[PDB]
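Notes to accompany the following structure.
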Amino acid sequence: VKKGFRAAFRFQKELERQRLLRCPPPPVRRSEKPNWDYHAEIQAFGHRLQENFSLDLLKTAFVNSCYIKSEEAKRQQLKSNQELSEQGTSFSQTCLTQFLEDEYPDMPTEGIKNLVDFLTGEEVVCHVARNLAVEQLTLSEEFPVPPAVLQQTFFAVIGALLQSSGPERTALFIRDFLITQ
Amino acid sequence: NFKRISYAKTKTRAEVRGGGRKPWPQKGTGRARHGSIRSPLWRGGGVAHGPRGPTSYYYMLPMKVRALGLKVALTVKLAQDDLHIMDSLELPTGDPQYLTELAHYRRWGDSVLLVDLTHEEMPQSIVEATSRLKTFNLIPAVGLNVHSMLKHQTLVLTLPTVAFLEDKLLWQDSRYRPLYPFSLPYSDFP
Amino acid sequence: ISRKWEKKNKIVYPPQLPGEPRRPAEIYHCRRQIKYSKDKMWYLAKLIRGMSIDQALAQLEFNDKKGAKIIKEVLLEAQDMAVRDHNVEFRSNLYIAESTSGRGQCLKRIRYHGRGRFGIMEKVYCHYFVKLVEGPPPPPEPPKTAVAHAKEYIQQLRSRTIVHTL
Amino acid sequence: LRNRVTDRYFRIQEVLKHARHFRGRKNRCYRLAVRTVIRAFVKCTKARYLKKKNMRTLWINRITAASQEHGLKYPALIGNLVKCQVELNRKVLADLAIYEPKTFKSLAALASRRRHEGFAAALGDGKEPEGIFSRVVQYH
Amino acid sequence: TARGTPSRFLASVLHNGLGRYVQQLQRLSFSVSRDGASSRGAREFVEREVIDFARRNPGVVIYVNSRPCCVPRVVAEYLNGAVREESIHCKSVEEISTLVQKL
Amino acid sequence: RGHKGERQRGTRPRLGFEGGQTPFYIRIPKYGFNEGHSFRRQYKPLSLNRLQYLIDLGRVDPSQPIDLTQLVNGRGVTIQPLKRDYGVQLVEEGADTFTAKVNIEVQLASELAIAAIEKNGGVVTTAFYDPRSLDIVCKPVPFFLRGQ
Amino acid sequence: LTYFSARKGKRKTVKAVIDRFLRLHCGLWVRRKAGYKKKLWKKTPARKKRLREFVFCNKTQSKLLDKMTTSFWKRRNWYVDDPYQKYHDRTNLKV
Amino acid sequence: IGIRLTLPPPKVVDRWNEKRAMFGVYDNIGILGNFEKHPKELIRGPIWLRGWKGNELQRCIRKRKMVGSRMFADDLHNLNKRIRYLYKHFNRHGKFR
RNA sequence: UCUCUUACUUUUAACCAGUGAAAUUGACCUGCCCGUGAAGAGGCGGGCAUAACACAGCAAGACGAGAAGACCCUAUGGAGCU
RNA sequence: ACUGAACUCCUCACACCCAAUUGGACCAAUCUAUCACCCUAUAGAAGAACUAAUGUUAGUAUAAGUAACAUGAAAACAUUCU
RNA sequence: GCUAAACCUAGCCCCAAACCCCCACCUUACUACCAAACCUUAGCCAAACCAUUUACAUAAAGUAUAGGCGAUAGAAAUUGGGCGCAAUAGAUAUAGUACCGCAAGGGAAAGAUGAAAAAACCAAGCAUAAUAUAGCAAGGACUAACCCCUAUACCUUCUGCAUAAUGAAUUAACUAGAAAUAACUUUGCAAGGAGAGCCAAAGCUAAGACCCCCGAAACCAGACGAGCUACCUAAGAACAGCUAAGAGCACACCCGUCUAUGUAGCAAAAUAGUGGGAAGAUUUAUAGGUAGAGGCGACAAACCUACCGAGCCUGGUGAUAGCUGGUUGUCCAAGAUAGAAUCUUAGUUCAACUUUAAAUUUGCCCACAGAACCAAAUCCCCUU
Ligand SMILES: [Mg+2]
Ligand SMILES: [Mg+2]
Ligand SMILES: [Mg+2]
Ligand SMILES: [Mg+2]
Ligand SMILES: [Mg+2]
Ligand SMILES: [Mg+2]
Ligand SMILES: [Mg+2]
Ligand SMILES: [Mg+2]
Ligand SMILES: [Mg+2]
Ligand SMILES: [Mg+2]
Ligand SMILES: [Mg+2]
Ligand SMILES: [Mg+2]
Ligand SMILES: [Mg+2]
Ligand SMILES: [Mg+2]
Ligand SMILES: [Mg+2]
Ligand SMILES: [Mg+2]
Ligand SMILES: [Mg+2]
Ligand SMILES: [Mg+2]
Ligand SMILES: [Mg+2]
Ligand SMILES: [Mg+2]
Ligand SMILES: [Mg+2]
Ligand SMILES: [Mg+2]
Ligand SMILES: [Mg+2]
Ligand SMILES: [Mg+2]
Ligand SMILES: [Mg+2]
Ligand SMILES: [Mg+2]
Ligand SMILES: [Mg+2]
Ligand SMILES: [Mg+2]
Ligand SMILES: [Mg+2]
Ligand SMILES: [Mg+2]
Ligand SMILES: [Mg+2]
Ligand SMILES: [Mg+2]
Ligand SMILES: [Mg+2]
Ligand SMILES: [Mg+2]
Ligand SMILES: [Mg+2]
Ligand SMILES: [Mg+2]
Ligand SMILES: [Mg+2]
Ligand SMILES: [Mg+2]
Ligand SMILES: [Mg+2]
Ligand SMILES: [Mg+2]
Ligand SMILES: [Mg+2]
Ligand SMILES: [Mg+2]
Ligand SMILES: [Mg+2]
Ligand SMILES: [Mg+2]
């Protein structure tokens, strides 16, 4: 027995890295982890995108429908998402066609509608939503957040930005995050 | 370090038991050359450069430096607001619970070094109080030292003890070089 | 010493959902300290490593080696265990998925050589680990045909890029 | 043993983490690993002089390949793109030839016009007015 | 070396410079000991310059945890989910202020 | 330690060995420079500059006779009877600007240092002390604790 | 020399240094010239006068003899009638 | 694999022990105790180095001289062999001369 | 014995089954030619050759393994003898 | 004419390519003093760091499943035969 | 996933204190009983050989003296519990046991559950999972493992090593810089410093900081060995048959000529065939004797417990080695070749060169002029 403590401590922490390289844990969502304040991350969510929301109306854009059902289920042992998400999906469809009918006038309406279905599909929006911290802020039931719900949460953010700062700032939010895809 | 005597000793290759002859000849087999089975190389052999004997680390600083160190540690407890001067170390009761609350009320610290003047004339109340306390220590005035003034947060002197140190430490400044040690009788010293 | 192969028969999976295919049984079994070497056991363990358990007992009844008489005692106790303890209905519906051999704790004796010199003789021991999985044995991998070599070559031509430029 | 080494495991793994992709016992045995991990690090810094050498030799072999498509040799293209003060380096000229072959056909047309203006100035010795693409731009 | 270590292509996260520049930090998380000489500079960073830092970029949400640790860490989490946990152990105040601006 | 010679092995020859030739400290003939050195008498010199300086600072009291004890108690000269000091010699350095009516008893005294004390009205006498008698007159208190 | 004696544990001095050389307290060693009484009949009177001289030693010879003697031979010696008394102090050096 | 798998039991050190809280007391018993005792009279250890510091040769010379008359019979022979060895090492071997 | 060797038997052998050592060993993913070079190269230079793998022989090479060359010379190293 | 270096220029950064020797700045781990309290700080100390001694001891390789080793036959396993 | 790993307390080291402990057994020890001890240590080693010689409280003092006056040796008067180890460590110790040797003597290894048994992850090595042209095993790379391009393992020793020079299978653990005066740095105090002794013409006191590991053949002292063998003593034994006396042929026996096998062997000297003697100066069982400055010897300088130009063991002994090997974290900086002495040329001392710190003022390059009579250049040299 070599006497001492500092080398026996380091090996205890190199075993715990190998215990996660042999058996990695399941992913836990960000709100069940240390150093998380849900009110402070939303105000930081706005200023990150150089744009300003009405912070109560942005808070209702993240709470989904399946979350309210499973908040009443654990209550035996809030507005929904659908109103802001319907405004944001319907506007960003007419905003994206106005962007693409202006730049590509020769394209038919079949090919423009197939371009908006790409720019608002589950492959583009849920890739954009995971790199703007929308999965971290959304309130859902199951984790990792399914791409049918995370797309609803992303367009509720565009729907909340429409009521906050009008359709001029919101079209620049679609130009910088959806047309860059 | 001056009090330290380290009792570490290891057997060198001459005090280790056995190992007199060559184990195998110098040049027959294909093994290495060896002269005893108690070399520093061998398992069980002697230590090449281990600790040897009881070692003493005794040295004496010049006494004008050991006295200046007591002066230096007294200005520090005065400037850092850690020195407290009493008139007598006398308490109304000898409980530790009263003395511990008094240090917490006056915001002294966790560790107090109470320094009376003479060990045999210490009052009975402070002796039965501090004897059960770990971080409250009674020393006489002769037992003042730099190390225990730094281990304790506050230093509590008395008014005879303050005059004791001014007689003793200001004698080191303004004094002759010695002719023979001051344990011998001089004309004006003791 | 370690005995982790004996403890693999005690893992209890959660009870299955009906919207899920049926999990096959796994039966880990081993014999330790066989007086036989660990690399003479590998030729017998490599032989039976994909076979069904009835073909494995056939090819071991007629092998002349010493360990074939011992593996056949291991495979019979693990087949009797699968209908008794681990809930397999058919004895014949098993195949060997893993069949290996580790070394065991070996003893040391003295072998005398021709002069004052000698050697250190080691009495070899070995382990034999088997896993039976319930089911028909999977078919052996066929050699990849000339169609499959041509696809891989054309996919290697198709994947190349202009390297060290834009 | 008063103080012997308690952390020798982590000094071995400082070397052995670089050797994990080797062959033989160089990926496991420490004595064989340090003589190759050191040797794998010296080759890593001596090949910073060979990457810049082998890239320029590649660029020269991709400019020589594309200048031959227009009938130019390599010294007839570089030597006369300098004379028109077109200071494009080998990296762009080898990346113009692959990705923009119309612009590279214009640089082969320009380096051959200046070449013919260099011959016509050289056969007509004595004072003749300069060529059109042979006029230098002076900076002061 | 380069044949040992993985490699990648030069990319950005979501075409980070095309439309607008999005600050890519989400969080910084400081563990800072209250009593401890290893976090002497980390206590002076929180006292002096973490308030000047938390106003220079309001997208980063900063958590100072202040628990009894021997080694003070800084846990920078980014927008693509990556976590770069680094130590500010026994660093001066000018050395944490560039280590955080690098993050 | 160097390459493998006699330096790295650690077995160099003694100090003064010059490789085999007869060394420098042995090539030289013997001369009686230090022949009877432990029987030569030594006298610690006390200049009149130092004697005046001890008078003007209250360390040597000139209203009493200046013995060798009073020079040592005022710590103006320290003499060691081992290492063969036989006392204090008087030294003519500083004879001008010497102003003391003094009664001094040094062991040796030059002709001009006597003249510079007798001029100011003093008395110079030269006494003798054995090494046993000198070891008593310097530090008398470790003699009075000896019981003799 | 003996760096550590077996009785006391101090340095000894080479006593062949002492019977040959004289140390002045400035740091100089003083020696007689070799052969100053050998074969004087075959020497010219100029050569005989060079040998009858106390000469100083080198820098390295003085550092070798300083190691060969202890600190007893490096002290002030206030002899009565030392003829080498005036040579112990060093006047007027500019190093 | 010379590294332990479990981290050792925790070293609890009482910094307010008897020997720790009163450490250092009476080290200045000379300079403020009227010089009746030296602080070298406060150190407790072997007889031959109560107030004395030397190297290994000077310690064995002093141990043989002070306490060697009452040393054990093969501890005195192990000491005489050590002084016979350390004499030859310090006076004949080494780099500097 | 040889010119000038041949046949058979036994042991060994080789195969199968059991038991199971030793010297050795920098790492080896271990070619040939000519040149080079600490003056004789699997490894460097220029060529030539080149799917991967056992098993049996062989002894040209690995300056093959063994034994800190006994020859020789050196050491202000030993010893025997006269 | 082009090719062509660690030379030189370029963008940024610079204490960051000699043997023996010498000077200097740091430091792993340990114990001690006092702190610290998921593993540290400032100091004091010392059996304070091993890719090499035909090193020592233990484990395990390679040569190697190699060299080598063993039981007369039949049978009712009573017996008989060679 | 096998092999394995890990563990902490057995015990120990250094001090302080206190001065320790029924029966049988010197004959063949463990056996009931019958006619005289005292006598210098030597030698390695140091002297670079060796021959006289060489160490076995503080202070005076490394002083007086001694000495191939040289290596070195050296007084006296007088003065007066742990900044230890924690199963390769610490004792050799679980034990002076097992084992080894005729004997003296040498001398090991190792264990780990839990409150109660009356209850995983990590070395080497393998397996999971053999291999694809090409070459120090990598690097630059690359869409891509290889293919392409580049690259003569490491240590040591050297004028110079990929060298076909040394060492090394590999893993784990262990394994190698110990100190002086003087200087320097930093304090204290200062013509004085220092807790007596000592130094002092700025000194003095205290601290910090520099000096390795393994290895001979030997030499000496004291034991232990003549169960092998050399010779002797005592008292024994053995030698068929055939021909006619250290006779012949020939067994048993003893010896070992020659060949072959064997060469880590059956055997640390043997087997198979052949050969020499075999009633003698023979062979042999048993007990005794002679012992290492010696014994013994039909002299082979043979033999004396497997190695005898002088046994073996322990001790001096950590012998000595100018000779070989080894000399362990990181980074930076300066840094190469005149010579002289030497029982010396394998080494060392001094110089030269190198390094650091300090003080100062010139250094290098050089122009005229100048340097002897019987070629290239240099020396000297202000300017610059
Ligand atoms: Mg011994
Ligand atoms: Mg060998
Ligand atoms: Mg030897
Ligand atoms: Mg030991
Ligand atoms: Mg042992
Ligand atoms: Mg084996
Ligand atoms: Mg000579
Ligand atoms: Mg064969
Ligand atoms: Mg077989
Ligand atoms: Mg082996
Ligand atoms: Mg060749
Ligand atoms: Mg073959
Ligand atoms: Mg080779
Ligand atoms: Mg010689
Ligand atoms: Mg000799
Ligand atoms: Mg170039
Ligand atoms: Mg630079
Ligand atoms: Mg430290
Ligand atoms: Mg060490
Ligand atoms: Mg190691
Ligand atoms: Mg080794
Ligand atoms: Mg094998
Ligand atoms: Mg083979
Ligand atoms: Mg065979
Ligand atoms: Mg000698
Ligand atoms: Mg020598
Ligand atoms: Mg005496
Ligand atoms: Mg042990
Ligand atoms: Mg492994
Ligand atoms: Mg190649
Ligand atoms: Mg070369
Ligand atoms: Mg080699
Ligand atoms: Mg060599
Ligand atoms: Mg080898
Ligand atoms: Mg006999
Ligand atoms: Mg006869
Ligand atoms: Mg006959
Ligand atoms: Mg005979
Ligand atoms: Mg003869
Ligand atoms: Mg002869
Ligand atoms: Mg030696
Ligand atoms: Mg340099
Ligand atoms: Mg030599
Ligand atoms: Mg000049």
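Numbering starts fresh at 1 for the residues of each chain in the structure tokens, the chains themselves are lettered A, B, ... in the order given, and ligands are numbered from 1 as they appear.
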Exercise for review: Report as JSON, numbers by chain which protein, DNA and RNA residues come within 12 Å of ligand 39, using only C-alpha atoms (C1' of nucleotides) and all ligand atoms.
Suggested key: {"K": [299, 300, 301, 302]}
Now that the selection is made, can you save its residues with N, CA, C and O atoms (P, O5', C5', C4', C3', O3' and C1' of nucleotides) as a PDB file, in the first residue's frame?
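Printed below is result-v8.pdb as written:
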```pdb
ATOM      1  P     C K 299      54.828 -40.426  -7.644  1.00  0.00           P
ATOM      2  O5'   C K 299      55.500 -39.420  -8.675  1.00  0.00           O
ATOM      3  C5'   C K 299      54.877 -39.094  -9.910  1.00  0.00           C
ATOM      4  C4'   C K 299      55.099 -37.650 -10.278  1.00  0.00           C
ATOM      5  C3'   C K 299      56.453 -37.318 -10.903  1.00  0.00           C
ATOM      6  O3'   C K 299      56.300 -36.262 -11.840  1.00  0.00           O
ATOM      7  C1'   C K 299      56.156 -36.044  -8.952  1.00  0.00           C
ATOM      8  P     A K 300      56.107 -36.574 -13.395  1.00  0.00           P
ATOM      9  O5'   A K 300      54.550 -36.844 -13.514  1.00  0.00           O
ATOM     10  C5'   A K 300      53.832 -36.428 -14.658  1.00  0.00           C
ATOM     11  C4'   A K 300      52.505 -35.834 -14.283  1.00  0.00           C
ATOM     12  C3'   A K 300      52.543 -34.546 -13.486  1.00  0.00           C
ATOM     13  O3'   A K 300      52.826 -33.403 -14.274  1.00  0.00           O
ATOM     14  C1'   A K 300      50.942 -36.013 -12.565  1.00  0.00           C
ATOM     15  P     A K 301      53.782 -32.251 -13.702  1.00  0.00           P
ATOM     16  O5'   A K 301      53.042 -31.795 -12.380  1.00  0.00           O
ATOM     17  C5'   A K 301      53.683 -31.895 -11.125  1.00  0.00           C
ATOM     18  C4'   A K 301      52.875 -31.219 -10.055  1.00  0.00           C
ATOM     19  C3'   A K 301      51.770 -30.309 -10.563  1.00  0.00           C
ATOM     20  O3'   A K 301      50.575 -31.050 -10.667  1.00  0.00           O
ATOM     21  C1'   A K 301      53.145 -29.140  -9.025  1.00  0.00           C
ATOM     22  P     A K 302      49.180 -30.386 -11.066  1.00  0.00           P
ATOM     23  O5'   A K 302      48.330 -31.641 -11.542  1.00  0.00           O
ATOM     24  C5'   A K 302      47.313 -32.155 -10.706  1.00  0.00           C
ATOM     25  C4'   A K 302      47.435 -33.636 -10.472  1.00  0.00           C
ATOM     26  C3'   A K 302      46.458 -34.184  -9.453  1.00  0.00           C
ATOM     27  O3'   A K 302      45.181 -34.436 -10.002  1.00  0.00           O
ATOM     28  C1'   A K 302      48.620 -34.976  -8.963  1.00  0.00           C
TER      29        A K 302
END
```
- Message: Could you list, as a VMD selection string, all residues that come within 9 Å of ligand 3? Count only C-alpha atoms (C1' of nucleotides) and all ligand atoms.
- Response: (chain B and resid 22 to 27 33 to 36) or (chain K and resid 215 to 217)
Quick one: write out the picked residues with N, CA, C and O atoms (P, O5', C5', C4', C3', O3' and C1' of nucleotides) as a PDB file, in the first residue's frame?
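Contents of selection15.pdb, as written:
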```
ATOM      1  N   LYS B  22      30.057 -14.401  -2.377  1.00  0.00           N
ATOM      2  CA  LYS B  22      29.519 -14.264  -3.719  1.00  0.00           C
ATOM      3  C   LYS B  22      28.487 -15.357  -3.965  1.00  0.00           C
ATOM      4  O   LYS B  22      28.718 -16.512  -3.608  1.00  0.00           O
ATOM      5  N   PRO B  23      27.353 -15.033  -4.557  1.00  0.00           N
ATOM      6  CA  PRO B  23      26.317 -16.051  -4.745  1.00  0.00           C
ATOM      7  C   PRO B  23      26.697 -17.068  -5.805  1.00  0.00           C
ATOM      8  O   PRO B  23      26.563 -18.276  -5.601  1.00  0.00           O
ATOM      9  N   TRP B  24      27.185 -16.584  -6.935  1.00  0.00           N
ATOM     10  CA  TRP B  24      27.692 -17.424  -8.003  1.00  0.00           C
ATOM     11  C   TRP B  24      29.042 -16.860  -8.409  1.00  0.00           C
ATOM     12  O   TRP B  24      29.360 -15.721  -8.052  1.00  0.00           O
ATOM     13  N   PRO B  25      29.879 -17.638  -9.101  1.00  0.00           N
ATOM     14  CA  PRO B  25      31.186 -17.118  -9.507  1.00  0.00           C
ATOM     15  C   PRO B  25      31.087 -15.949 -10.469  1.00  0.00           C
ATOM     16  O   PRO B  25      30.031 -15.636 -11.018  1.00  0.00           O
ATOM     17  N   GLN B  26      32.228 -15.288 -10.651  1.00  0.00           N
ATOM     18  CA  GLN B  26      32.268 -14.073 -11.449  1.00  0.00           C
ATOM     19  C   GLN B  26      32.025 -14.355 -12.922  1.00  0.00           C
ATOM     20  O   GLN B  26      31.361 -13.564 -13.599  1.00  0.00           O
ATOM     21  N   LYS B  27      32.497 -15.491 -13.427  1.00  0.00           N
ATOM     22  CA  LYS B  27      32.598 -15.675 -14.863  1.00  0.00           C
ATOM     23  C   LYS B  27      32.052 -16.984 -15.400  1.00  0.00           C
ATOM     24  O   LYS B  27      32.196 -17.229 -16.601  1.00  0.00           O
ATOM     25  N   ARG B  33      27.079 -10.101 -12.624  1.00  0.00           N
ATOM     26  CA  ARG B  33      28.092 -10.125 -11.579  1.00  0.00           C
ATOM     27  C   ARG B  33      27.517  -9.576 -10.286  1.00  0.00           C
ATOM     28  O   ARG B  33      26.991  -8.462 -10.261  1.00  0.00           O
ATOM     29  N   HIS B  34      27.622 -10.343  -9.207  1.00  0.00           N
ATOM     30  CA  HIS B  34      27.112  -9.915  -7.918  1.00  0.00           C
ATOM     31  C   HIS B  34      28.051 -10.381  -6.824  1.00  0.00           C
ATOM     32  O   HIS B  34      28.742 -11.388  -6.961  1.00  0.00           O
ATOM     33  N   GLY B  35      28.069  -9.636  -5.732  1.00  0.00           N
ATOM     34  CA  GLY B  35      29.042  -9.880  -4.694  1.00  0.00           C
ATOM     35  C   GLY B  35      28.425 -10.266  -3.373  1.00  0.00           C
ATOM     36  O   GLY B  35      29.091 -10.845  -2.516  1.00  0.00           O
ATOM     37  N   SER B  36      27.157  -9.924  -3.191  1.00  0.00           N
ATOM     38  CA  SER B  36      26.391 -10.368  -2.042  1.00  0.00           C
ATOM     39  C   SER B  36      24.921 -10.292  -2.402  1.00  0.00           C
ATOM     40  O   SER B  36      24.527  -9.586  -3.326  1.00  0.00           O
TER      41      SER B  36
ATOM     42  P     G K 215      28.664  -5.160  -5.495  1.00  0.00           P
ATOM     43  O5'   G K 215      29.588  -5.658  -6.674  1.00  0.00           O
ATOM     44  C5'   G K 215      29.218  -6.782  -7.444  1.00  0.00           C
ATOM     45  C4'   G K 215      30.156  -6.977  -8.595  1.00  0.00           C
ATOM     46  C3'   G K 215      31.607  -7.117  -8.228  1.00  0.00           C
ATOM     47  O3'   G K 215      31.922  -8.374  -7.677  1.00  0.00           O
ATOM     48  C1'   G K 215      31.412  -5.678 -10.063  1.00  0.00           C
ATOM     49  P     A K 216      32.672  -8.445  -6.268  1.00  0.00           P
ATOM     50  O5'   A K 216      34.196  -8.444  -6.673  1.00  0.00           O
ATOM     51  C5'   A K 216      34.892  -9.661  -6.797  1.00  0.00           C
ATOM     52  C4'   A K 216      35.550  -9.777  -8.136  1.00  0.00           C
ATOM     53  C3'   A K 216      36.813 -10.593  -8.147  1.00  0.00           C
ATOM     54  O3'   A K 216      36.530 -11.964  -8.261  1.00  0.00           O
ATOM     55  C1'   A K 216      37.149  -8.583  -9.332  1.00  0.00           C
ATOM     56  P     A K 217      36.678 -12.926  -6.999  1.00  0.00           P
ATOM     57  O5'   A K 217      38.007 -13.724  -7.317  1.00  0.00           O
ATOM     58  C5'   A K 217      38.244 -14.208  -8.625  1.00  0.00           C
ATOM     59  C4'   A K 217      39.643 -13.900  -9.082  1.00  0.00           C
ATOM     60  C3'   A K 217      40.742 -14.184  -8.087  1.00  0.00           C
ATOM     61  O3'   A K 217      41.064 -15.553  -7.981  1.00  0.00           O
ATOM     62  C1'   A K 217      41.111 -12.086  -9.092  1.00  0.00           C
TER      63        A K 217
END
```
Using the chain letters and numbers from this document, which residues of chain C does DSSP assign to strand (DSSP E), as an MDAnalysis selection string? chainID C and resid 26:34 94:100 107:112 118:123 126:134
How would the residues just chosen look if you wrote them out with C-alpha atoms as a compact mmCIF listing (two decimals), in the first residue's frame?
```
# COMPACT_ATOMS: atom_id res chain seq x y z
CA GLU C 26 -29.59 -16.92 -23.16
CA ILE C 27 -27.93 -19.58 -21.02
CA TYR C 28 -24.41 -18.87 -19.77
CA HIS C 29 -22.60 -21.92 -18.41
CA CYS C 30 -19.00 -22.77 -17.61
CA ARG C 31 -16.69 -25.33 -16.09
CA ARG C 32 -13.51 -24.22 -14.35
CA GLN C 33 -10.11 -25.85 -13.74
CA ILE C 34 -10.19 -28.47 -16.47
CA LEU C 94 -30.55 -23.88 -29.14
CA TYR C 95 -27.27 -22.92 -30.77
CA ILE C 96 -23.83 -22.01 -29.47
CA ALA C 97 -23.24 -18.28 -29.76
CA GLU C 98 -20.06 -17.96 -27.72
CA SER C 99 -17.64 -20.79 -26.97
CA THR C 100 -14.27 -19.70 -25.61
CA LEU C 107 0.36 -25.43 -10.65
CA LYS C 108 4.15 -25.60 -10.85
CA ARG C 109 6.40 -28.66 -10.51
CA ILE C 110 10.10 -29.25 -11.15
CA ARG C 111 11.27 -30.98 -14.32
CA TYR C 112 14.82 -32.27 -14.05
CA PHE C 118 16.46 -28.14 -14.66
CA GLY C 119 13.24 -26.51 -15.82
CA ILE C 120 9.98 -25.34 -14.27
CA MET C 121 7.12 -27.53 -15.44
CA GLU C 122 3.66 -25.95 -15.24
CA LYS C 123 0.61 -28.18 -14.84
CA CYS C 126 -8.23 -24.12 -18.24
CA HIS C 127 -11.79 -22.87 -18.25
CA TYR C 128 -14.50 -23.41 -20.83
CA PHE C 129 -17.30 -20.86 -21.26
CA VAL C 130 -20.37 -21.38 -23.41
CA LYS C 131 -23.52 -19.39 -24.16
CA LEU C 132 -26.54 -21.04 -25.72
CA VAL C 133 -29.07 -18.79 -27.41
CA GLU C 134 -32.55 -20.17 -27.98
```
Notebook entry, point to check: So which residues are near ligand 8, meaning at most 12 Å away with only C-alpha atoms (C1' of nucleotides) and all ligand atoms counted, given back as a ChimeraX atom specification?
Noted result: /I:12-14,55-57 /J:66-67
Next, dump the selected residues to file, keeping only C-alpha atoms (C1' of nucleotides), as a PDB file, in the first residue's frame.
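Below is the file selection.pdb, written as the result:
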```
ATOM      1  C1'   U I  12      14.329 -42.310 -34.003  1.00  0.00           C
ATOM      2  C1'   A I  13      11.054 -40.397 -37.452  1.00  0.00           C
ATOM      3  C1'   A I  14       6.057 -38.507 -39.379  1.00  0.00           C
ATOM      4  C1'   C I  55       3.181 -28.908 -42.884  1.00  0.00           C
ATOM      5  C1'   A I  56       8.105 -31.480 -44.252  1.00  0.00           C
ATOM      6  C1'   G I  57      13.264 -31.087 -45.397  1.00  0.00           C
TER       7        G I  57
ATOM      8  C1'   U J  66       8.075 -28.107 -29.920  1.00  0.00           C
ATOM      9  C1'   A J  67      12.102 -31.513 -27.734  1.00  0.00           C
TER      10        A J  67
END
```
I'd like the neighbourhood of stretch 9-16 of chain D as an MDAnalysis selection string, where a residue qualifies if any of its atoms comes within 9 Å (using only C-alpha atoms (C1' of nucleotides)), though same-chain residues fewer than 4 positions away should be ignored. (chainID A and resid 7 10:11) or (chainID D and resid 20 26:30 33:34 37:38) or (chainID H and resid 1:3)
- prompt: Within 7 Å of stretch 44-59 of chain A, counting only C-alpha atoms (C1' of nucleotides), which residues qualify if same-chain residues fewer than 2 places away don't, as a PyMOL selection string?
  reply: (chain A and resi 40-42+61-62+157+160-161+164) or (chain E and resi 22-23+58-61)
ask   = So which residues are near ligand 9, meaning at most 12 Å away with only C-alpha atoms (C1' of nucleotides) and all ligand atoms counted, given back as a list in words?
value =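 After applying the 12 Å limit, what remains is residues 40 and 65 of chain C; 14, 15, 16, 17, 18, 19 and 20 of chain I; 64, 65, 66, 67, 68 and 69 of chain J.
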Which residues are near ligand 30 in this structure, taking near to mean any atom at most 10 Å from a ligand atom and counting only C-alpha atoms (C1' of nucleotides) and all ligand atoms? Format them as a PyMOL selection string.
chain K and resi 134-135+147-151
Take the residues from that selection and put them in a file with C-alpha atoms (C1' of nucleotides), as a PDB file, in the first residue's frame.
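Saved file out-v9.pdb follows:
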```
ATOM      1  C1'   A K 134       5.649  -2.709 -49.586  1.00  0.00           C
ATOM      2  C1'   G K 135       9.701  -2.896 -46.114  1.00  0.00           C
ATOM      3  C1'   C K 147      -2.276   1.537 -51.458  1.00  0.00           C
ATOM      4  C1'   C K 148       0.682   7.414 -52.472  1.00  0.00           C
ATOM      5  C1'   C K 149       4.893  10.633 -50.374  1.00  0.00           C
ATOM      6  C1'   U K 150       8.681  11.224 -46.358  1.00  0.00           C
ATOM      7  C1'   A K 151      11.617   8.692 -42.527  1.00  0.00           C
TER       8        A K 151
END
```
message: Can you pull out every residue with an atom within 10 Å of ligand 28? Use only C-alpha atoms (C1' of nucleotides) and all ligand atoms and format it as a ChimeraX atom specification.
response: /B:43-44 /K:12,87-93,109-110
